[PDB]
């Protein structure tokens, strides 16, 4: 909490479900370079496509024991850039690094990414938020 970017349009939310946490993140990026949609992998199950159809699928598949611990991003009208940095030093960058920047980290140390929410509109994601927990 709360939501990064100029959120506009349809609300979405996904989260952990008495399971393992996030083991993967699928980001869809178009030729225009903005974040169109996301899928989140819980255990072995991919969530539904949250956003606008189109673009090319790019993935961060987490290693055993690996978790996303902070997130840097850029935005304008749409979420332009997202880089997911993990607890093992790895970082996966998606999208064109333009606009107003943000940085999301959990308040308490040991907390990792467990879910993401936000808004998508015309071409893609316009607002993005993150839920952290142990």
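Numbering follows the first chain given and starts at 1.
Looking at 88-96 and 74-82 together, the entry lists the larger mean B-factor for 88-96, computed on C-alpha atoms. Relative to one another, 124-132 and 3-11 have unequal mean CA B-factors, and 3-11 is the one with the higher figure. Remark: residue 25 belongs to the highest third of its chain, ranked by C-alpha B-factor as recorded. Among all modelled residues in this chain, the alpha-carbon of residue 52 has a temperature factor (C-alpha) in the middle third. When the modelled residues of the chain are ordered by C-alpha B-factor, residue 33 sits in the lowest third.
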